[PDB]
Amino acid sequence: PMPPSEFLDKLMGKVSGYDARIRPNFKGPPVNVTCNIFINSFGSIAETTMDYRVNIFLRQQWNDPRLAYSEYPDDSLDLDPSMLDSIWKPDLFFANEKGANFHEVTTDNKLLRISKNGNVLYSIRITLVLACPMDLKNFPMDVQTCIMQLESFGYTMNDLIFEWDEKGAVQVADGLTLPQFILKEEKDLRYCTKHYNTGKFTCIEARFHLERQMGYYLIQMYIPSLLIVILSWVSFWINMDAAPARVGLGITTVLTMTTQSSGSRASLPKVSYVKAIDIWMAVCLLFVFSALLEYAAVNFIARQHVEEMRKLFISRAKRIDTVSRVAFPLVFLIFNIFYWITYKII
């Protein structure tokens, strides 16, 4: 018979009363649009900007009873995407876009198919840079919940309603891994219905739980800060009379821990609250600073000068050294028990 685009001339055209500016079931019940996404790419989760770039296939399904047909024999029509300006489409957008674009290389990456009863499937490829507020109270040991939410800009709740479908509403690609995070399989799917002075609008959203990887922040921050604290402990095995040696060891370790602490936050937002790497780098700064304050007590007691009272202060300044060769590895060992268990419960 007729070819389907020329059959769509009798379906999209001005004959038979079709207008692409009017929603289906007009002056009636609202349009029920059900949605699911397919995540191709995910990542580049920046924390200075507090955003993440995603690449999705946005699928939408509604029903247009004006687009029903019965003369054509087959069940679906793979229409050309240049004829998408002639149908009605919902005005979905993202409440946290922060910039987005289509993909237009070699063809607009768009998809249209219409069933016999008017069921319209519409899939497009979108790249989003979605804004999620980070919560960094325990920074290497945190779980982030970055969301994406899908709203309607022009049609209110009594005209257009978004839903998720009950058969896998968020699909993820096969080889989709992350360098810093892991993506949990459970995904929250709930409503986020927005109220304004204009009206109430539909909104659906999807939460993504991101658990980090411990292994990077151990190698750069935890292990080298653990070596400078041990480097301060060899001052106690050096002679007391070696005054430029034990002081110059105390200076250099207490001023690299300032450098290691400032470099721990170079790729972070400038948040005011204190985090788990900050209370590691402040207590590890306290051990290397109280080791140089130990020798200031050793150097002050030993100068107190009868040689019978002189033997008291030398044996006292050696008594304060034999205690600290055991006590400072012992207090730092029971700090590691209190630190890592607190951030393994959470």
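Numbering starts at 1 and follows the sequence shown. Superpose the two forms; the largest set of C-alphas matching within 1.5 Å is the rigid core.
Asker: With everything overlaid on the rigid core, name the stretch, 255 to 263 or 108 to 116, whose CA atoms wander farther on average in 8 other deposited structures of this protein.
Answerer: Result of the core-fitted comparison in 8 other deposited structures of this protein: 255 to 263 deviates more.
Asker: Do the Cα atoms of 157 to 165 or those of 264 to 272 sit farther, on average, from the shown form in 8 other deposited structures of this protein after fitting on the core?
Answerer: With the rigid core fitted, 264 to 272 is the stretch that strays more in 8 other deposited structures of this protein.
Asker: Please determine whether residue 306 lacks coordinates in at least a third of the other PDB entries of this protein that model its flanking residues.
Answerer: Across the compared entries, residue 306 is left out in at least a third.
Asker: Can you count, per the entry, how many deposited residues between residue 305 and residue 306 come without coordinates? Answer none, 1 to 3, 4 to 9, or 10 or more.
Answerer: Missing in between: 10 or more residues.
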